[PDB]
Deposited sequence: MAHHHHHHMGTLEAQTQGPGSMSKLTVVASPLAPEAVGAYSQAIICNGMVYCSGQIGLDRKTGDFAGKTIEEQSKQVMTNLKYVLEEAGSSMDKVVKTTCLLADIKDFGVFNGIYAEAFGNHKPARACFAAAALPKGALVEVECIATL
């Protein structure tokens, strides 16, 4: 329900996902679609990476994405398309296992690649578009 003179773009700010400090928001909702920033494997509780391994960072990324999606009114089952960026193509298999477990039976469209490097030395970054 409306709370006085709702806008075309809505900022999503989950207190469970890493804080968007800086020139970006965790996600923006526009015309019923949720446009999510590329999450990295930071744990909001410590402000640091969940660990130094692709396994630990990948699990934290997928958890962070869930937090943002649920905050927006969306969910993992409503994700339309993801893009999955790795610091090292050799880590793609371990990533894929964790990604598949996080989505269960739901299978978004996807594009993946190894970047030359990611912000903050992250080993993995995942962004997505979802629906309400």
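Asker: Walk along the deposited sequence from position 1 and note every stretch that has no C-alpha coordinates.
Answerer: Missing C-alpha atoms (numbering from 1) occur across the ranges 1-14, 20-21.
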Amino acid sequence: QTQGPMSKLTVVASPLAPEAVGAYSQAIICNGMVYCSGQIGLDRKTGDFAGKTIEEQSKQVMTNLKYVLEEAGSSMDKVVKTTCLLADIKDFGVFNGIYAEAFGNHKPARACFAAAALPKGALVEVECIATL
From here on, numbers count along this sequence of modelled residues.
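Asker: Mind pulling up the entry and telling me whether 14-22 or 119-127 has the higher mean Cα temperature factor?
Answerer: If you average the C-alpha B-factors of 14-22 and of 119-127, the larger mean comes out for 14-22.
Asker: Which of these, 64, 37, 105, 82, has its C-alpha atom at the highest B-factor, as the entry lists it?
Answerer: In the PDB entry, the greatest C-alpha B-factor among 64, 37, 105, 82 is found at 105.
Asker: Of the three thirds of its chain by CA temperature factor, lowest, middle or highest, which one includes residue 97?
Answerer: Answer is middle: the recorded C-alpha B-factor places it there.
Asker: Going by what the PDB entry lists, where does residue 9 fall on CA B-factor within its chain: lowest, middle or highest third?
Answerer: Highest third.
Asker: Please say which third, lowest, middle or highest, residue 46 falls into when its CA temperature factor is compared across its chain.
Answerer: For residue 46, whose C-alpha B-factor we compare with every modelled residue in the chain, the answer is the highest third.
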